[PDB]
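Presented below is the structure to which this report refers.
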Amino acid sequence: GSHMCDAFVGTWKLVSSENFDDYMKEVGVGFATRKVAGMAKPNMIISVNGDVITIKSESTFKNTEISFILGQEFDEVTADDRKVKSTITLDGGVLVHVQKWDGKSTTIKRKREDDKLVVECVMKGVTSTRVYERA
Ligand SMILES: O=c1cc(CCl)[nH]c2nc(-c3ccccc3)nn12
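Here the sequence shown is numbered in the deposited numbering, starting from -3 and rising by one per residue.
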């Protein structure tokens, strides 16, 4: 077993969002993508197999999947079609995901809080909070 498995593994559904449109604006997502992505109610599937973590997002907008080893940079094509260099670490029980592209950076933190999995996305000074519960 691991901390990761106990905390995060499973299937999660989006229950609330705050400031997601504003976050996407800051990131540079265009109007039509923001509108359609903002309507999505994704299920997010986290699994662990050895050192490899997989995060899969299924929605009516886009289905995405990343697999990675903590601390090891990888190339990620985001749902909004940015080509980014990503590194994900586990810091004090929080999954911290940094994406770098075009001289820009954004950080996505995923943590447990009570029965929720809380996703905080930060771009410059703008934060969006997305709350998931077990499916
Ligand atoms: O709703 C979002 C938005 C972003 C980045 Cl824009 N990333 C993200 N990751 C997740 C998520 C939620 C639950 C489990 C795994 C991942 N939700 N989520």
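Cβ coordinates follow ideal geometry from the N, Cα and C atoms, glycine included.
Can you round the beta-carbon distance between residue i and residue j to whole angstroms, since I take them to be within the 8 Å contact cut?
| i | j | result |
| --- | --- | --- |
| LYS81 | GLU69 | 6 Å |
In whole angstroms, what separates the C-alpha of residue i from that of residue j?
| i | j | result |
| --- | --- | --- |
| residue 202 | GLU54 | It is not possible to answer for residue 202, since the shown part of the chain is limited to -3 through 131. |
| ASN59 | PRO38 | 9 Å |
Are residue i and residue j close, meaning C-beta to C-beta below 8 Å?
| i | j | result |
| --- | --- | --- |
| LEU91 | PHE4 | yes |
| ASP98 | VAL25 | no |
| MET0 | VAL44 | yes |
| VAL32 | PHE57 | yes |
Please list the terminal residues of the continuous alpha helix (DSSP H) segment that includes residue i.
| i | result |
| --- | --- |
| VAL32 | 27 to 35 |
| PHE16 | 16 to 23 |
| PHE4 | -1 to 4 |
Is residue i close to ligand 2? I mean its beta-carbon at under 7 Å from any heavy atom of the ligand.
| i | result |
| --- | --- |
| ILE51 | Ligand 2 is not part of the structure shown, which contains ligand 1 as its ligands. |
For the beta strand (DSSP E) containing residue i, list its first residue and its last residue.
| i | result |
| --- | --- |
| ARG78 | First-last for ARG78: undefined, no H or E at that position. |
| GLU69 | Taken as a continuous stretch (DSSP letters only), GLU69 belongs to no beta strand (DSSP E), as it is neither H nor E. |
| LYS100 | 100 to 109 |
Open item on the list: For the pair the region 116 to 131 and the region -1 to 19, tell me if three or more CB-CB distances fall below 8 Å.
Closed with: yes
Open item on the list: Contact between the region 11 to 27 and the region 110 to 125 is defined here as three or more beta-carbon pairs at a separation below 8 Å; is this criterion met?
Closed with: yes
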